[PDB]
Structures are given as structure tokens and as C-alpha cells.
file work13.cif (mmCIF, C-alpha atoms)
data_input
loop_
_atom_site.label_atom_id
_atom_site.label_comp_id
_atom_site.auth_asym_id
_atom_site.auth_seq_id
_atom_site.Cartn_x
_atom_site.Cartn_y
_atom_site.Cartn_z
CA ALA W 1 -1.87 -5.92 12.72
CA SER W 2 1.29 -7.55 11.43
CA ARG W 3 1.91 -9.57 8.29
CA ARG W 4 -1.70 -10.72 8.29
CA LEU W 5 -2.53 -7.07 7.73
CA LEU W 6 -0.72 -7.03 4.41
CA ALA W 7 -3.39 -9.52 3.45
CA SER W 8 -6.34 -7.17 3.78
CA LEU W 9 -4.10 -4.63 2.09
CA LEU W 10 -3.77 -6.96 -0.87
CA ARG W 11 -7.18 -8.59 -0.68
CA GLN W 12 -8.50 -5.05 -0.59
CA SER W 13 -6.38 -3.86 -3.49
CA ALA W 14 -7.30 -7.01 -5.39
CA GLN W 15 -11.05 -6.53 -5.16
CA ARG W 16 -10.30 -3.13 -6.65
CA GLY W 17 -8.28 -4.71 -9.44
CA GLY W 18 -5.16 -2.93 -8.26
CA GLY W 19 -5.92 0.70 -7.52
CA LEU W 20 -6.15 3.07 -4.58
CA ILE W 21 -2.49 2.38 -3.92
CA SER W 22 -1.03 1.53 -7.31
CA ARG W 23 -0.64 5.17 -8.30
CA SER W 24 -2.35 6.90 -5.41
CA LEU W 25 0.09 6.28 -2.58
CA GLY W 26 2.46 5.35 -5.38
CA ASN W 27 2.44 8.97 -6.46
CA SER W 28 5.19 9.45 -3.90
CA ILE W 29 6.53 6.00 -3.08
CA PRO W 30 10.10 7.21 -3.61
CA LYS W 31 9.42 10.21 -1.40
CA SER W 32 8.59 7.73 1.34
CA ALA W 33 4.89 8.14 0.70
CA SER W 34 5.39 11.80 1.51
CA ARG W 35 2.18 12.28 -0.43
CA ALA W 36 0.09 10.43 2.12
CA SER W 37 0.69 10.49 5.86
CA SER W 38 -3.02 10.42 6.60
CA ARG W 39 -3.17 6.81 5.48
CA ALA W 40 0.36 5.67 4.76
CA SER W 41 0.64 3.31 7.71
CA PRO W 42 -1.58 0.53 6.37
CA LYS W 43 -0.71 1.40 2.79
CA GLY W 44 2.92 1.90 3.74
CA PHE W 45 3.58 -1.77 4.37
CA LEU W 46 2.03 -2.43 0.98
CA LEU W 47 3.79 0.61 -0.44
CA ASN W 48 7.12 -0.67 0.83
CA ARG W 49 6.57 -4.00 -0.88
CA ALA W 50 5.94 -2.21 -4.15
CA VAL W 51 9.47 -0.87 -3.93
CA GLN W 52 10.78 -4.19 -2.67
CA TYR W 53 9.62 -6.21 -5.65
#

call {"tool": "encode", "arguments": {"input": "work13.cif", "output": "C-alpha cells"}}
result
Amino acid sequence: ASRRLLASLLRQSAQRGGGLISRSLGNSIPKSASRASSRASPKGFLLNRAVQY
């Protein structure tokens, strides 16, 4: 559950075109995914990269 996880996070967001994280968890990416918690751990890593880019 490290690095290789980001894969499933992408491969999963890819099969969906690019949703369920694009705006969802991205609704509060600046708030540190404050609008998540429940599932911001697996999406976090992918949510952190969104800010990285």
C-alpha cells in the first residue's frame, strides 16, 4: 500500500474517465480534503498529487 497503490487510484479513476475524485474529493483539496475523511486516505495520495501537478 505504497506507490503501487497510487496505481489502482489512477487505474480506478481512469476507468471512470476521471471522476469520483476529480471534483468529489477535489471539492476540498485546498482544505486538506476536509470534505472527506471517510475515504481521504486512498484518495488523499491521489488528491495530493492533484495539488502537486

call {"tool": "residues_near_point", "arguments": {"input": "work13.cif", "point": "(-0.4, 6.2, -0.9)", "cutoff": "10 Å", "atoms": "all atoms listed in the file", "output": "PyMOL selection string"}}
result
chain W and resi 20-29+32-44+46-47

call {"tool": "axis_aligned_box", "arguments": {"input": "work13.cif", "around": "stretch 3-18 of chain W", "padding_each_side": "5 Å", "output": "lines of an AutoDock Vina configuration file"}}
result
center_x = -4.6
center_y = -6.8
center_z = -0.6
size_x = 23.0
size_y = 17.8
size_z = 27.7

call {"tool": "resolve_selection", "arguments": {"input": "work13.cif", "expression": "the PyMOL selection byres ((chain W and resi 1-10) around 9)", "output": "VMD selection string"}}
result
chain W and resid 11 to 15 18 42 to 43 45 to 46

call {"tool": "build_atoms", "arguments": {"input": "work13.cif", "residues": "stretch 7-36 of chain W", "atoms": "N, CA and C atoms", "output": "short mmCIF file (atom, residue, chain, number, x, y, z; two decimals), keeping the file's coordinate frame"}}
result
data_model
loop_
_atom_site.label_atom_id
_atom_site.label_comp_id
_atom_site.auth_asym_id
_atom_site.auth_seq_id
_atom_site.Cartn_x
_atom_site.Cartn_y
_atom_site.Cartn_z
N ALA W 7 -2.39 -8.74 4.15
CA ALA W 7 -3.39 -9.52 3.45
C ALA W 7 -4.55 -8.61 3.03
N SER W 8 -5.22 -8.06 4.03
CA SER W 8 -6.34 -7.17 3.78
C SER W 8 -5.91 -6.04 2.84
N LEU W 9 -4.64 -5.68 2.93
CA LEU W 9 -4.10 -4.63 2.09
C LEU W 9 -4.09 -5.09 0.63
N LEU W 10 -3.81 -6.38 0.46
CA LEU W 10 -3.77 -6.96 -0.87
C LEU W 10 -5.18 -7.37 -1.29
N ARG W 11 -5.83 -8.13 -0.42
CA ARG W 11 -7.18 -8.59 -0.68
C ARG W 11 -8.10 -7.41 -0.95
N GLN W 12 -7.72 -6.26 -0.42
CA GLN W 12 -8.50 -5.05 -0.59
C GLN W 12 -8.14 -4.37 -1.91
N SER W 13 -6.87 -4.46 -2.26
CA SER W 13 -6.38 -3.86 -3.49
C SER W 13 -6.70 -4.77 -4.68
N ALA W 14 -6.98 -6.03 -4.36
CA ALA W 14 -7.30 -7.01 -5.39
C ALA W 14 -8.75 -6.80 -5.85
N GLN W 15 -9.64 -6.73 -4.87
CA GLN W 15 -11.05 -6.53 -5.16
C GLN W 15 -11.25 -5.25 -5.98
N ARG W 16 -10.25 -4.39 -5.92
CA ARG W 16 -10.30 -3.13 -6.65
C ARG W 16 -9.50 -3.24 -7.96
N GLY W 17 -9.05 -4.46 -8.24
CA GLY W 17 -8.28 -4.71 -9.44
C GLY W 17 -6.80 -4.44 -9.21
N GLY W 18 -6.53 -3.32 -8.55
CA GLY W 18 -5.16 -2.93 -8.26
C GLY W 18 -5.01 -1.41 -8.27
N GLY W 19 -5.94 -0.75 -7.60
CA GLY W 19 -5.92 0.70 -7.52
C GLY W 19 -5.94 1.18 -6.07
N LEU W 20 -6.11 2.48 -5.91
CA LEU W 20 -6.15 3.07 -4.58
C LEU W 20 -4.89 2.68 -3.81
N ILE W 21 -3.76 2.72 -4.52
CA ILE W 21 -2.49 2.38 -3.92
C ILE W 21 -1.44 2.20 -5.02
N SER W 22 -1.91 1.75 -6.17
CA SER W 22 -1.03 1.53 -7.31
C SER W 22 -0.34 2.84 -7.69
N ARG W 23 -1.16 3.86 -7.93
CA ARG W 23 -0.64 5.17 -8.30
C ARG W 23 -0.87 6.17 -7.17
N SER W 24 -2.00 6.02 -6.51
CA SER W 24 -2.35 6.90 -5.41
C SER W 24 -1.14 7.10 -4.49
N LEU W 25 -1.02 6.21 -3.52
CA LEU W 25 0.09 6.28 -2.58
C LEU W 25 1.41 6.08 -3.33
N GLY W 26 1.29 5.58 -4.55
CA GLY W 26 2.46 5.35 -5.38
C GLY W 26 2.91 6.63 -6.08
N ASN W 27 2.13 7.68 -5.87
CA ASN W 27 2.44 8.97 -6.46
C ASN W 27 3.70 9.55 -5.80
N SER W 28 4.02 9.00 -4.64
CA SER W 28 5.19 9.45 -3.90
C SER W 28 5.75 8.30 -3.07
N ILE W 29 5.99 7.18 -3.74
CA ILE W 29 6.53 6.00 -3.08
C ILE W 29 8.01 6.22 -2.79
N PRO W 30 8.68 6.93 -3.74
CA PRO W 30 10.10 7.21 -3.61
C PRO W 30 10.35 8.30 -2.56
N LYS W 31 9.33 9.13 -2.36
CA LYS W 31 9.42 10.21 -1.40
C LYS W 31 9.05 9.69 -0.01
N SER W 32 8.94 8.37 0.08
CA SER W 32 8.59 7.73 1.34
C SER W 32 7.11 7.94 1.63
N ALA W 33 6.32 7.96 0.57
CA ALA W 33 4.89 8.14 0.70
C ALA W 33 4.61 9.53 1.29
N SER W 34 5.53 10.44 1.02
CA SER W 34 5.39 11.80 1.51
C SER W 34 4.02 12.36 1.14
N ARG W 35 3.48 11.85 0.04
CA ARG W 35 2.18 12.28 -0.43
C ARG W 35 1.08 11.38 0.13
N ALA W 36 1.08 11.26 1.45
CA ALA W 36 0.09 10.43 2.12
C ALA W 36 -0.03 10.88 3.58
#
